> 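The following block contains the structure, expressed as structure tokens.
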Amino acid sequence: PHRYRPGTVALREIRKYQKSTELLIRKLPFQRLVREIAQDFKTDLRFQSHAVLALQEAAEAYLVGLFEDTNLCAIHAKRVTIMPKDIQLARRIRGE
Amino acid sequence: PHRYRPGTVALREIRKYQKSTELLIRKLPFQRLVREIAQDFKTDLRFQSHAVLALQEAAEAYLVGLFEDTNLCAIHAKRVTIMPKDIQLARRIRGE
Amino acid sequence: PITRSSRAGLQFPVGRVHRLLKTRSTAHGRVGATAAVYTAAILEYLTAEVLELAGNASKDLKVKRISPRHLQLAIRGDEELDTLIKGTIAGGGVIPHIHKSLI
Amino acid sequence: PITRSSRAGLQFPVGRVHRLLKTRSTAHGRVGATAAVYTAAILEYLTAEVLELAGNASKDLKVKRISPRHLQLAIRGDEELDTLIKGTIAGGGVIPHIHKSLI
Amino acid sequence: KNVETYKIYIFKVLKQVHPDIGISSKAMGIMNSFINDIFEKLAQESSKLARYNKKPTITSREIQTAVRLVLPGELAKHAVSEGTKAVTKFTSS
Amino acid sequence: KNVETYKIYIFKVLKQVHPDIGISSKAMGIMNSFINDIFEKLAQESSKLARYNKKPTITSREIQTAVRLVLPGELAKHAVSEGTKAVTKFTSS
Amino acid sequence: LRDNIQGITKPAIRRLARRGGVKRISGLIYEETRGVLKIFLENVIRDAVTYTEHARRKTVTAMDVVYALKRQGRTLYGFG
Amino acid sequence: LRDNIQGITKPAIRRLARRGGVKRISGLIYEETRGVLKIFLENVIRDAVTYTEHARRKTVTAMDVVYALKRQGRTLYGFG
DNA sequence: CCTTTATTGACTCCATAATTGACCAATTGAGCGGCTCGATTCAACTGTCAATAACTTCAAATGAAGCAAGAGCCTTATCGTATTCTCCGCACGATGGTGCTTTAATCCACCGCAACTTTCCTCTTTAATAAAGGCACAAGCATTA
DNA sequence: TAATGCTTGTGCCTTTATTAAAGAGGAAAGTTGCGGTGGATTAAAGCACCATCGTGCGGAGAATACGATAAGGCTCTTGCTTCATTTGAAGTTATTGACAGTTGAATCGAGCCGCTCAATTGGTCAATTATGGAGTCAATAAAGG
């Protein structure tokens, strides 16, 4: 049967997701996670929907930028696979 | 004769210069360079001495921090010698 | 009655900007009219630049409307606006780029 | 006459801080006295914290005066003060540290 | 309670630049936010400049210096040109 | 012209915490600059808070919120405790 | 609410890495990303809840989120 | 004034690298460092000269340098 | 581990410079009162947020199998490092000369405040046309030979 | 190269929902005058910044011998990619009900303005003690054995 070598479908997904503009994480799990996190600061809080949407957009943008930095760090060390050490190095140089 | 292996005197200098607090670049060349750079923005400028001193301190602090970042980038790639590509990577991640 | 905007040859409002500047001043400050004229002119200039680039990007894609994607493309394709505007645009995506060593 | 500082049990001046706040307020605002008391108390607290750490660092080196080096050591050795104070200290140097792989 | 925005003037400028291109509501909101941010930066810098030199009045000189401090290079030069032209036209009218 | 600084009060606090430790002039200048920076940040945040909620006057509530926003964690908690104690002593005196 | 961090599935992280130009991914990346996202959310939500508490309210508003993001130098357009 | 960038000798760069914990250095590092220092100085000096020009003066003051440094998030203590 | 040689911390003394205490002035904080605006409390409308069921179907979990990428080991040659000799320009110490900064008085000019008029900018209602979904589909790439 | 599966770009129907157009009204900008504070102008005097010499010494430049590090090549296996089957939870739609946000008055409380008093804080001067220089001794580490 038809099969593709590793890395081809990955490149197709890279090209497809760099052209779209939609959100990539599901909404209900994110809202539940945000509510659980906010539980630790004040009890019985209520959330407006646009607040959760804004949080999701900001978080996704942050993660995409961090992954770009991680990819640079991984290429510098003669690799194509990203590892936690690259994330740690990027976060350390950024000052976080 | 008596000689030292490479890297021993380097470690001694690292320990010596990390303990002192004085300026490391000569004052007259730095003053001349600053005057030459400022020549391109306005003609016939005069400088106060404390201004040149403040510029020197800021520049030295900036260079030391950048070299720390470069050393981290060099260690990540399994090396002990720093190269221009490490400086480029550090300045790219910093956002410069 | 002749508006200050038509007197200065602008499209942006001069009186509104002067009122906002007067509101935002601190501890018995004063604002002249030339300050409002200057500020309105600069705001109009920046708006025109961004809109021109966005419209060119929109025409490149054979559409008749501007969306956040076109603003993102126009801003990220220009170095001056890239330096000036560091914020995040909702629904803009990213600029398509792929590394040479990954291909 | 009883000073506000002695009334609140502080060493920092309350009247000076109130005057500065009034000077720096925006567009005919108002400032209460409790604001000045709060601000003076917090300034005193931060000063005491930094000075205590710096004095301990000075006593570690068997000296009787504080120099910029001791301030640098005290600030960089504490995580909260490291986060709060990002500035450059003239004549402070660096914290001695050498990577393990270089030895 | 009415809300104040810049949509009318952004539409006027767009119809000046591209007569046959429209704009959506999300893009218009984004442009409004961007204009507000720029105005914030300019006013902040002008206030700081007035504080440093011990002069309580904001003049076009302070605006010009703030623009030179905030915008980069060619943007700053062209913006200064437009501002000076507008001020000259206003005074001569 | 006389120049205003915090040197006297810094000396008082130092003699409170370490009776037998002195200080040089450079360190005292650095501390003065640091105190000025902190005061600037606090005043800025308080003004922004007053602007957001449409309240012209600055109260200890605005200062407390600004302190919670500016200082981190345990520093903020202890500073809030000291400020509240000082305000209570001032009012009860 | 408990154990909701696992609701950020591995396919979502893979899609986020794809949008960033990543070609291959290791196995511990997902746990690392979950920790990083948790820290970021904690900071932003703390600031937003402080802003909400000052205004004597009980519901979190999008403008509080906008201000909290702007405080950390992460200005966002499209919700203000 | 011409060709004064070479007045920053390589021993000074070596000392600056030593203070930062560096053990070995390549050959092009000196040219790279000279370029980086030139860019940094250009930015700061441009801002300082703008501050000086606004005040209708002809001499650059240390406070102009302090303000210019603070503008780019490089606050300095000990000269203000 | 041992021996020899270079390096640096610890001790002593000496000079010195730089932080402390004292005194004059000049500056502003405390005090008291009058007044006017702003934060606080209470009630009523009502917008919307949380909780419920019913249903579909599409994406997430798990497993099998496969393939290529990271990691470890070995070799080489060239390139930064430690050392010595020579010289060169920087820093320290006085000395002129001048030009630029700051202060003080003066004049003028221009901006804020206040009431009135009018016109333009902002929520509400309708539509019409540009864009996303679905279908059909040509063509350019990927794969084994 | 080559066919052939396969996925994407292009053309067309739909239909729809989203932007362009019109309307009432109410909020703010323009107009005119009046006063009083802030910006621009000019002169002086002093301080600060630039230019000159001498010098003499410590640091910088160039050559040298060479040991260690970066770079390249090969093996290899374990971990991450691709594909199917089954399921389970997110997404859609409609519905209740109560809670919390918003708006409008009334009212009490607190901050600002204004002149005087006197105590507090800033600047100048002499000093004494903590600190840097210089010399010396002992403890420690490194290169070869």
Side-chain angles (χ1 to χ4, degrees), chain A residues 1-10 12 15-16 26-29 46-49 78-81 83, chain B residues 1-10 12 16 26-29 46-49 78-81 83, chain C residues 1-4 13-16 18-19 22 30-33 63-65, chain D residues 1-4 13-16 18-19 22 28 30-33 63-65, chain E residues 1-5 7-8 11 22-25 55-57 59, chain F residues 2-5 7-8 22-25 55-57 59, chain G residues 9-12 24-27 57-59, chain H residues 9-12 24-27 57-59:
Chain A
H2 202 247
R3 292 206 26 123
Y4 277 131
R5 312 153 110 241
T8 299
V9 188
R12 285 211 317 243
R15 279 190 211 102
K16 145 174 180 142
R26 275 166 153 190
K27 304 187 183 293
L28 200 62
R46 301 184 145 210
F47 280 81
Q48 183 165 338
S49 45
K78 278 142 181 212
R79 286 185 280 102
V80 302
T81 307
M83 320 216 159
Chain B
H2 174 268
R3 317 184 76 266
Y4 276 148
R5 324 286 279 298
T8 300
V9 188
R12 287 206 321 227
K16 153 171 174 143
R26 275 168 154 187
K27 304 189 183 293
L28 198 63
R46 312 184 135 208
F47 282 79
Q48 177 166 338
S49 45
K78 278 142 181 212
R79 285 185 281 102
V80 300
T81 309
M83 317 216 159
Chain C
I2 314 129
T3 47
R4 254 103 70 83
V14 168
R16 201 188 261 192
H18 190 195
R19 180 194 87 223
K22 267 174 55 43
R30 306 159 78 87
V31 186
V63 282
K64 316 230 181 303
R65 274 199 218 142
Chain D
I2 319 170
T3 41
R4 257 100 75 77
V14 168
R16 197 187 264 192
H18 191 196
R19 189 198 73 215
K22 267 182 46 73
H28 65 52
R30 310 159 79 88
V31 185
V63 283
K64 323 230 181 293
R65 304 216 272 239
Chain E
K1 289 174 182 178
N2 300 341
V3 190
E4 241 167 35
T5 52
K7 334 265 198 153
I8 314 284
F11 208 79
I23 196 167
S24 70
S25 59
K55 277 201 178 188
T57 286
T59 310
Chain F
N2 295 347
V3 197
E4 298 209 331
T5 48
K7 324 233 161 159
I8 323 281
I23 195 165
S24 71
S25 60
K55 250 203 57 172
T57 170
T59 311
Chain G
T9 60
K10 126 189 275 194
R24 252 175 87 105
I25 317 170
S26 176
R57 278 195 325 263
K58 211 163 326 289
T59 304
Chain H
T9 61
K10 102 164 202 153
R24 254 181 150 250
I25 315 168
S26 176
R57 279 192 269 94
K58 229 162 305 294
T59 302

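In what follows, every heavy atom counts, from backbone to side chain, and hydrogens, waters and symmetry copies are set aside. Numbered from 1 within each chain, the chains take letters A, B, ... in sequence-line order.
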> Counting only side-chain heavy atoms from C-beta out, which of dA100(J), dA131(I), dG80(I) sits nearest to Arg24(H)?
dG80(I)

> Are more than 12 heavy atoms, taken from residues, nucleotides or ligands other than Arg12(A), located less than 6.0 Å from that residue's CZ atom?
yes

> Taking all non-hydrogen atoms of both residues into account, name the closest pair between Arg4(D) and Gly15(D) and its distance.
NH2-CA, 4.3 Å

> Please give, in whole Å, the distance from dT82(J) P to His2(A) NE2?
13 Å

> Five pairs per end, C1' atoms only: what is the angle between the end axes of the helix from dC1(I)-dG145(J) to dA136(I)-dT10(J), to 10 degrees?
130°

> Between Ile25(G) and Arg12(A), which residue's closest nucleotide on DNA chain J lies nearer the 5′ terminus?
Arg12(A)

> Check nucleotides 105-111 of chain J against the protein and report each pair of N or O atoms closer than 3.5 Å, with its distance, or say if there are none.
residue  : atom : partner  : partner atom : Å
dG111(J) : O4'  : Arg30(D) : NH2          : 3.4

> Please report the distance, rounded to the nearest Å, between CZ in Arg57(H) and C1' in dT102(I).
12 Å

> Can you see if the side chain of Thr8(A) gets near the phosphate of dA142(I) - specifically, an N or O under 4.0 Å from OP1 or OP2?
no

> Hey, is the side chain of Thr59(H) poking within less than 4.0 Å of OP1 or OP2 on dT101(I), counting only N and O atoms?
yes

> Which of the following nucleotides, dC90(I), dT19(I), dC83(J), is nearest to the side chain of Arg26(B)?
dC90(I)

> Starting at atom NE2 of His28(D), determine the distance to atom P of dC113(J), rounded to an integer number of angstrom.
12 Å

> With heavy atoms under 4.0 Å as the rule, sort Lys16(A) into base, sugar-phosphate or nothing.
nothing

> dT27(I), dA28(J), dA70(J): which one has an atom nearest the side-chain heavy atoms of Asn2(F)?
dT27(I)

> Please measure how far the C1' atom in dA61(I) lies from the corresponding atom in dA138(I), and state the result in whole Å.
38 Å

> Which nucleotide wins on minimum distance to the side chain of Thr5(E), given the candidates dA59(I), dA131(I), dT122(I)?
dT122(I)

> When you check the phosphate oxygens OP1 and OP2 of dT27(I), does a side-chain N or O of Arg19(D) lie under 4.0 Å from one of them?
no

> Taking C-beta and beyond as the side chain, do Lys55(F) and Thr57(F) meet within less than 4.5 Å on heavy atoms?
yes

> Would you mind telling me which of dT131(J), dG122(J), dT82(J) lies closest to the side-chain atoms of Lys64(D)?
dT131(J)

> Within the pair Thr9(G) and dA61(I), is there a side-chain N or O less than 4.0 Å away from OP1 or OP2?
no

> Which pair of heavy atoms, one from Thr81(B) and one from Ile25(H), lies closest together, and at what distance?
CG2-C, 3.8 Å

> Below the 4.0 Å mark, does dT69(J) have OP1 or OP2 next to a side-chain nitrogen or oxygen of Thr81(B)?
no

> May I have the distance from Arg16(D) (atom CZ) to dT120(J) (atom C1'), rounded to whole angstrom?
10 Å

> Tell me whether the side-chain N/O atoms of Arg5(B) come closer than 4.0 Å to OP1 or OP2 in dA68(J).
yes

> Output the single nucleotide from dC49(J), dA91(I), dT19(I) whose closest atom is nearest the side chain of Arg65(D).
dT19(I)

> Considering just the side-chain nitrogens and oxygens of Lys78(A), establish if one lies under 4.0 Å of OP1 or OP2 belonging to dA69(I).
no

> What are the two closest heavy atoms between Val31(D) and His18(D), and how far apart are they?
O-NE2, 3.4 Å

> Please give, in whole Å, the distance from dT101(I) P to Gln48(B) CD?
11 Å

> Rounding to a whole Å, what distance do you find between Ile2(D):CD1 and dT120(J):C1'?
16 Å

> For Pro56(E), answer base if it contacts any base atom (sugar-phosphate contacts may also be present), sugar-phosphate if it contacts only those atoms, and nothing otherwise; contact means non-hydrogen atoms under 4.0 Å.
sugar-phosphate

> Regarding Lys10(G), tell me which of base, sugar-phosphate or nothing describes its non-hydrogen contacts under 4.0 Å with the strands shown.
nothing

> What nucleotide among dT81(I), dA142(J), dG70(I) has an atom nearest to a side-chain atom of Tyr4(B)?
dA142(J)

> Taking the side chain of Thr3(C) as its heavy atoms from C-beta onward, which of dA6(I), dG30(J), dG101(J) lies nearest to it?
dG30(J)

> To the nearest Å, how far apart are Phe47(A) CZ and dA50(I) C1'?
14 Å

> Between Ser24(F) and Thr59(F), name the one whose nearest nucleotide on DNA chain I is closer to the 5' end.
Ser24(F)

> Quick one: is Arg79(A) getting a side-chain N or O under 4.0 Å of the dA68(I) phosphate, OP1 or OP2?
no

> Can you work out whether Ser25(F) or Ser26(H) has the more 5'-proximal nearest nucleotide on DNA chain I?
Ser25(F)

> Identify which nucleotide among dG101(J), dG122(J), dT82(J) has an atom closest to any side-chain atom of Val9(A), counting heavy atoms from C-beta outward.
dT82(J)

> Just checking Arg3(A): base, sugar-phosphate only, or nothing, at a heavy-atom cut-off of under 4.0 Å?
base

> Using only side-chain N and O atoms of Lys55(E), determine if any of them is under 4.0 Å from OP1 or OP2 of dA40(J).
yes

> Establish, with yes or no, whether the OP1 or OP2 oxygen of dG30(J) is under 4.0 angstrom from a side-chain nitrogen or oxygen of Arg4(C).
yes

> Give a yes or no on whether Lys16(B) atom NZ has more than 12 heavy-atom contacts from other residues, nucleotides or ligands under 6.0 Å away.
no

> Please state how far atom NZ in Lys22(C) lies from atom P in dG30(J), giving the value in whole angstrom units.
14 Å

> Tell me yes or no: between the side chains of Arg46(B) and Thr59(H), is some donor less than 3.5 Å from an acceptor?
no

> In terms of side-chain heavy atoms of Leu28(B), which of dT81(I), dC90(I), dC100(I) is nearest?
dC90(I)

